[PDB]
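Input: one structure, supplied below.
Chain naming follows the written order as A, B, C, D, E, F, G and H, and within any one chain the residues start at number 1.
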Amino acid sequence: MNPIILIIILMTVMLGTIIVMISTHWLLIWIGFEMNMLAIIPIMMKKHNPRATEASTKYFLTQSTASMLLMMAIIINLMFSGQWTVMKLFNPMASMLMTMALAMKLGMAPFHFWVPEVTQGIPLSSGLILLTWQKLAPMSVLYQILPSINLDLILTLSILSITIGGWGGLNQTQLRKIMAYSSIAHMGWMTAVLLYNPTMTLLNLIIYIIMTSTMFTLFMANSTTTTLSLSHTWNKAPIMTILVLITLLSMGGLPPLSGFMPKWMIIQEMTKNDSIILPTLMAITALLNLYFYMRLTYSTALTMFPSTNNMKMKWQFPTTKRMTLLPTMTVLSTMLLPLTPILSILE
Amino acid sequence: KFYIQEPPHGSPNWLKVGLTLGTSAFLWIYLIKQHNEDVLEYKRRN
Amino acid sequence: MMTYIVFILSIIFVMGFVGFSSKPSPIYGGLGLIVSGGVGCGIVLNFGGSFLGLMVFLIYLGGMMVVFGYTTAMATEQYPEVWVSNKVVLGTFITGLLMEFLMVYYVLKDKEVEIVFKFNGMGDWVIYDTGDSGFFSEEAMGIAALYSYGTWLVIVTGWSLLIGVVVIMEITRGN
Amino acid sequence: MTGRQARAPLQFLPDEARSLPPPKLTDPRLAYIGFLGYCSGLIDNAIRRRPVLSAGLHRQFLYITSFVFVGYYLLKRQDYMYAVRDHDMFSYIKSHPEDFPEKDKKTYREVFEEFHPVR
Amino acid sequence: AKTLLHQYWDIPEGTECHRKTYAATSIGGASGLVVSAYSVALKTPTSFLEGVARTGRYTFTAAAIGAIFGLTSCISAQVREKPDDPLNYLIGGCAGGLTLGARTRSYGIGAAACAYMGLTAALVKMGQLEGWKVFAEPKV
Amino acid sequence: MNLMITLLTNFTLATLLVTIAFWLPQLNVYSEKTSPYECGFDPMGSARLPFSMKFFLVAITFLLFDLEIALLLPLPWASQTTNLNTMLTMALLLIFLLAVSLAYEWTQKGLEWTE
Amino acid sequence: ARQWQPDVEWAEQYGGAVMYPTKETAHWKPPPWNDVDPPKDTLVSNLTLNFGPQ
Amino acid sequence: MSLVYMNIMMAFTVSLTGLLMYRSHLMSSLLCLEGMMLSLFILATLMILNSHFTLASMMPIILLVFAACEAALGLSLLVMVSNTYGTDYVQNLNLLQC
């Protein structure tokens, strides 16, 4: 774990996603996906335990077979119309297989069974950087080949990912499985607008990445895996309490706060079509993905749990950690309600 | 006075604050220059 | 007399490769796999590709060598399974070979097979090169473009392979 | 929508962005941006257990300068995008006369409505 | 499949009875095979006979739901003969929920099944007769 | 299929060697010869026993450098182009990167354990 | 202070493996805190050979 | 249509299902992933050879060098798995529970 080596590996993560962004040849997109996987393995398993071993194993099998399914899709594309241009496809079969390969990649509800596991054991830097890049990079390709996708696939996977991410979040008393189901819910709302106006999808992407960055920074500030540690961080530091309050409420997406600018604009550029019953069912399930946020914030600051002593000992020592960038991403994530005509910065 | 064996800080560095104020004054100068150029550009094209 | 010889090599390829994919012990799996790799090399060599198939047979072989080393290393039973040893493996092998011979029947003695596409069932001398003046055996230059025009592509290829080397080293070191 | 200068995609402000007025001084949105920078610096001093509104005044200056500069370029992008949308809309309006019919907006001396009162 | 749910919608109302009910049984059996395939895929039933027994139970209940719903749909449409109001399918969904409660032999879950399934089935009729689209425009 | 003709003839040669080994010369009295020999002692269990290995890096190292052999093999056909200096630049970059990988795992003692 | 605060039984609700138990809930075990399980041993040790007489 | 295309797609689908359902060995899984790689390889090569698509025939060599280094990554992870256990079945994977 020389820092030269880790700067190299994260530069290759950078290079993989930049290759996915930059290229119109399909082989380069597949290579960028593979390189992203290859570099994202040893960011994990900085631990020794078989937790990280088996979690990386599950990730390897699912992600690798999704990449091979993508290569199948590109091959059937060139058994049809012969072009290496990232453009409109010319096969419903190849588009079906391609969207299902990306569905296994970024996680849909029939395909998400590796996600809470793979976030269960890994350290927090690994989880942060895999969630940010591995949920940014396939959405680029989905933005690229949106005009040739059979709508039932995207729409059904979106609805089902929203309702599974809502339903499964009600039980897990850790932190990372809550975060994984929240990731499923936001990826559902990111995919659900893709056939109508993708500016909304990419705005949903950026705001979700900022929210997750704040979330994982406020879990890097304190070695926390359950709510019990969150109660101890109530009793050790006061500003962390109200920051967890505001950030979890913006994860819920409430109107005066700035988690509402994705949902509301999505309902706008969704209900300017004549689909109404399905968006309002989506938004009722987006009400449903919020109770576990509420019990989390209940456990953090809204109640007062008994804390063990040696926090007496901890009072002398301040939280002199590193932070990635906590306050800037925090107030950029939370006070950004009135800048809704900064929709069009993204397009 | 009153401490033990370590100030981790308390006597502030004379590198970072000078560099940050220098580049921030640079950024204010450049943005004022930008806005003056933009007013001139609008009243130039019209 | 015979004419479908590329298709028949494909049939032998699919037979051995499905018995490969039915997962017996990896010893027998590698046996069926190298059989499948050799006859696939024969397919692509007989189709028009000069060296690429013999090349990929060599590469794929060396991969199977290392795979055999690790299946000697790690996964051993008190008595390992063969195709005809257990119920489930035997059933899967018979059913896969059954689907193969059924496709053989519907291609040979029938007209059209429409499982995913309307595949034209007749012999693969069509379509093919109509005697064009090569003089340089097209795929040779078709690989020789990789060092002429292939600037960015081998850069990212070698870079990813270097990263592959250091990745294997650090995952083994991370004890 | 899709460019409409899908030729230089990274061109954050094209040559056509030199025709509309730039964002003026003390516009309310850039004022709110500066207020957010001030609150950002306040909460950043609140993190590190150092006194609020104290000993981070250079960081106040730096955060406010950074956000005002960023929001300046963002506002210029906003104005360019809405101007090109309006111009493309009006070109497509002027292009097709017959496809966008102007209705005879009749007056109410003869335009009937069913009433259906409430009692 | 879109073709046989299209066959179910394309039964005129109208009476081609026992055939509307056969289509409803086919839809219920398809749904039961879906649910049973997942629930035997993620349980390892120990053993294969018990897996066939569980799938038979779930398809049995869902096919009973489809049959009873088609029967009360046809009976309501023959008695009152008004295809406008969704009240016939409201009675249909509540009958299906009560019979699901009968197949599980609990009463409160059966009553909530009556309520939710009646409202959703009457809503499906209500939106189709009023005319709402299948999930999309997909245009703008 | 001339090579297939020759392969068929050699397989018939091999089968006549099999049959002349088993069937023709003499008889086959059984009942102890089938026992496995090590040195005069019947061993525990059998073979197909879990056998750990020494090399961990060297086999995967073989695999990756065989793949880089596969990249390097169209050097003869590449050698006749109009863009000569670009060919030379990328070829030297390929072998230089390959030797950097080798010397990296050589200085990081990847081969100094149970080779 | 007569303002009621939640207690150890609320904590034991909010602590453990999962929130809502089933008839299967004993198998989900309380996970460790360094995420490493120290006792792991099943005797995967040496193997014999009779390099013998002749 | 050239019937070898359909037959290699048949071999593809069966190797895919073999990669998905599997009894206990991770080794057989990596092995059949390598096989499905070879199937996609041969299919793509026959496509390019019918096309005379001689310009970008980098697809076979580069497709397979990348997918084989994926197989190398998998063998490293299987080394770590069989290091932290004796047996590497579906059992001794049940920790880190969903």
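The rule is simple: contacts are C-beta pairs under 8 Å (C-beta built on N, C-alpha and C of every residue); 3 or more make two chains touch, one makes a residue touch a chain.
Here's who's who by UniProt: A = NADH-ubiquinone oxidoreductase chain 2; C = NADH-ubiquinone oxidoreductase chain 6; F = NADH-ubiquinone oxidoreductase chain 3; H = NADH-ubiquinone oxidoreductase chain 4L.
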### For subunit E and subunit G, chains touching each
A
## Note on the structure
Using only protein Cα atoms, the chain sitting most centrally is A
## Note on the structure
Between F-H and A-E, more C-beta pairs in contact link A-E
## Note on the structure
Expressed in whole Å, how far the mean CA point of subunit C lies from that of subunit H is 10
### Summary
dist(centroid_CA(subunit C), centroid_CA(subunit F)) in Å evaluates to 18
### Task
Return the distance between the CA-based centres of subunit D and subunit G, expressed in whole Å.
54
### Message
Could you pull out the residues of subunit G that touch at least 2 other chains?
### Response
37, 40, 44
### Summary
Each pair of chains that touches is included here, namely A-C, A-D, A-E, A-G, A-H, B-D, C-F, C-H, F-G, F-H, G-H
### Summary
Within their complex, subunit A touches subunit D through residues 199, 239, 318-319, 323, 326-328, 330-332, 335, 338-339, 341-342, 344-345, 347
### Query
In their complex, what parts of subunit H are in touch with subunit A?
5, 12, 16, 19-20, 26, 29, 33, 36-37, 40, 43-44, 47, 51, 53, 56, 58-59, 62-63, 66-67, 69-70, 73-74, 77, 80-81, 84-85, 93, 95-98
### Query
Which part of subunit A faces subunit E closely enough to touch in the complex?
151-152, 155, 195-197, 272-278
### Message
Help me check something: in the complex, which residues belonging to subunit F touch subunit G?
### Response
38-41, 43-44, 49-51
### Query
Can you list the residues on subunit H that touch subunit F in the complex?
61, 64-65, 68-69, 71-72, 75-76, 79, 86
